[PDB]
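To start, the structure under review is shown below, and the notes come after it.
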Amino acid sequence: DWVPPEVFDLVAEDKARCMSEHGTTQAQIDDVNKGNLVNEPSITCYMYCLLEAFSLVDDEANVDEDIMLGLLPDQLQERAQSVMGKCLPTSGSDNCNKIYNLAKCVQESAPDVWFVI
Ligand SMILES: CCCCNS(=O)(=O)c1ccccc1
């Protein structure tokens with residue numbers, strides 16, 4: 001992807017901790033990236049965890065859209081803003097479910113945009 005290699009070390013520790021906390025496998029992360037998302041806490045709570053770690057969402061999974069936009073290439077920022085227009089605010093039964101709903105909304109609307117590290 002566009003995702004530059006310097007992010008993967010930026011995220012490394014948070015990734016390990018989030019996967020550990022949530023019972024997440026790499027296989028599940030791979031699936032979300034190839035389009036396949038289910039409402040399983042091991043993956044949905046992983047995405048919430050990682051978003052939180054980078055201050056992209058609050059304690060109720062409200063998305064900080066400015067921070068979110070500022071971590072994207074200006075190439076995408078346009079298309080991202082468009083997708084957040086549609087898919088924000090978040091809604092759901094809990095923080096994990098809220099991010100499931102968001103991922104799903106983005107994936108349907110913009111395939112290029114919802115990547116998971
Ligand atoms: C727009 C898609 C956000 C969800 N992806 S992510 O949670 O893996 C993530 C990506 C980049 C930084 C932090 C978390």
Side-chain angles (χ1 to χ4, degrees):
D1 312 76
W2 46 270
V3 193
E6 317 92 19
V7 185
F8 286 90
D9 227 324
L10 220 180
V11 300
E13 203 163 76
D14 293 301
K15 174 162 172 148
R17 165 181 76 78
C18 288
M19 290 175 92
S20 194
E21 287 182 3
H22 298 300
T24 320
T25 81
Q26 190 56 49
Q28 294 175 289
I29 302 179
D30 293 352
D31 280 310
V32 174
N33 292 322
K34 60 179 192 148
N36 305 325
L37 186 40
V38 298
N39 188 30
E40 281 288 352
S42 52
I43 189 53
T44 62
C45 295
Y46 177 80
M47 298 181 292
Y48 175 78
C49 186
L50 203 53
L51 279 172
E52 192 283 316
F54 308 132
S55 319
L56 284 178
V57 293
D58 70 5
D59 72 322
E60 279 175 2
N62 304 293
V63 158
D64 185 328
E65 168 160 6
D66 276 351
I67 298 173
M68 175 148 148
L69 284 169
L71 275 47
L72 284 176
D74 74 341
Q75 197 187 50
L76 287 220
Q77 287 190 72
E78 218 169 31
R79 194 157 169 170
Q81 250 192 281
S82 184
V83 133
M84 284 182 251
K86 178 175 226 150
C87 300
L88 287 173
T90 57
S91 42
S93 55
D94 58 72
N95 283 346
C96 301
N97 191 56
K98 272 168 184 187
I99 306 304
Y100 172 79
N101 287 156
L102 178 50
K104 208 90 192 174
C105 188
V106 181
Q107 273 170 330
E108 259 108 271
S109 289
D112 290 32
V113 167
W114 190 268
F115 177 78
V116 167
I117 294 171

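Just so it is clear, the values below take in all heavy atoms, side chains as well, and ignore hydrogens, waters and symmetry mates. Remember, it's 1-based here, ligands and their atoms both numbered in the order they're listed. In this chain, numbering begins with 1 at the start of the sequence shown.
Hydrophobic cluster membership is shared by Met68 and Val7, with clusters built from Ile, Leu, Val, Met, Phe, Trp and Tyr side chains linked at under 4.5 angstrom.
Applying the disulfide (SG to SG under 2.5 Å) definition to pairs two or more places apart or across chains, those involving residues 88-117 are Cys45-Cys96, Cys87-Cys105. Every pair tested for salt bridge (charged side-chain N to carboxylate O under 4.0 Å, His left out) that includes a residue from residues 53-76 fails, sequence neighbours excluded, so the list is empty.
With respect to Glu108 and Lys104, no salt bridge is recorded, no charged nitrogen being found less than 4.0 Å from a carboxylate O.
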Between ligand 1 and the protein, tabulate every N or O atom pair separated by less than 3.5 Å, reporting distance only.
residue: ligand 1; atom: 5 (N); partner: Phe115; partner atom: O; Å: 2.6
residue: ligand 1; atom: 8 (O); partner: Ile117; partner atom: N; Å: 3.0

I would like to know whether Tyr46 and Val32 meet side chain to side chain contact (heavy atoms under 4.5 Å, CB included); could you show each step before the answer?
CA-CA 11 Å; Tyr46 177 80; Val32 174; over 6 Å; no

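For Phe54, the side chain to side chain contact (heavy atoms under 4.5 Å, CB included) test picks out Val11, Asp14, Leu50, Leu56, with sequence neighbours left out.
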